[PDB]
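Shown below, as structure tokens, is a lone chain in the form deposited in one PDB entry; questions about how it binds or moves come after it.
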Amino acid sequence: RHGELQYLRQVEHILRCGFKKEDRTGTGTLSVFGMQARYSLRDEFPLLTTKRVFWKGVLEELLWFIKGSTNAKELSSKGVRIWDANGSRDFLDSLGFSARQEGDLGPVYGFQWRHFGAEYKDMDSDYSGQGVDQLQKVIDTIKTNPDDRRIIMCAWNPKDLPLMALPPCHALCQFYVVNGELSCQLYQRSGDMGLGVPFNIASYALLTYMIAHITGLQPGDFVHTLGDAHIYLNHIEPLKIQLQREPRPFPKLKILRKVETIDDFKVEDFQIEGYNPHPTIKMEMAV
């Protein structure tokens, strides 16, 4: 009854019943449209164990989002290079963004979460007091009206899409409270099952822990919903290796001090305890 079995079974389902589907990157995929999994957050943390997940990257990326950043260079210097390709000179130029500085991902998560509706200029522009701070609004609504069925943070901004180096794979998330517990559902339009998905699950589970902490709630469930759930054709053999491995108990996430605001979390405030994954499995990134 290990929660990780849901992920492994989604992979198996795509390998057995998915359709071949060509893709933007020219790699090719096996694909299923519409999946859902539920990861309990109660006294455990869904950091996958059948391969080592890059937790440092997960944590630094989320802190960077919370700062409102859309500058990959700010994250890269942490040793977290996950957005570097998307902000590179040549990739940017390929999308027509030759005026843009390297690293400028466009009006993606950090900007939409903190400044939705503002006019994007450059990654380093001053957006203070502009647009909707959806992140803080979610927090405030959970505190004042936990029954609210409208507690959403939405990165999908049709007006801004043409400026984004990668339109968000994570279109929106919704929070929910019952019985003292905070849950989160992610709508992921496009899930690279081998590379992005394990990382993304940890990201939103971590966000839920952070928000529960500052709202005085306990973490409940993370519900992961997928649009195009796909396995790149060059991830088939790596995932078949992964599927042979037995899950180990999920770790725990500890928050090491009482933090009052989302902005105040720091890397050293977190400890993953009891994480004993199987070895890293290299999965190439389709660009």
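Quick note: we count residues from 1 along the sequence shown, nothing fancier. C-alpha atoms forming the largest set that superposes within 1.5 Å between two forms make up the rigid core.
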item	value
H2 unmodelled in at least a third of other compared entries	no
122-130 set against 204-212, stretch whose average Cα temperature factor tops the other in the entry	122-130
41-49 set against 219-227, stretch whose average Cα temperature factor tops the other in the entry	41-49
Peak C-alpha temperature factor (PDB record), options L63, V259, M35, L30	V259
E102, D148, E181, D192, ranked by C-alpha B-factor: the highest one	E102
Ranked against its chain, the third holding the CA B-factor of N157	middle
Lowest, middle or highest third - CA B-factor, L239	middle
Record-listed C-alpha B factor of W83: chain third	middle
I255 - which third its CA temperature factor falls in, relative to the rest of the chain	highest
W55 - Cα temperature factor, lowest/middle/highest third of chain	middle
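Just so you know, the form deposited in another entry exists too; it's not on screen, but the next bit is about it.
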| query | finding |
| --- | --- |
| CA of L8, rigid core aligned, shift of 2 Å or more between the shown form and the other one | no |
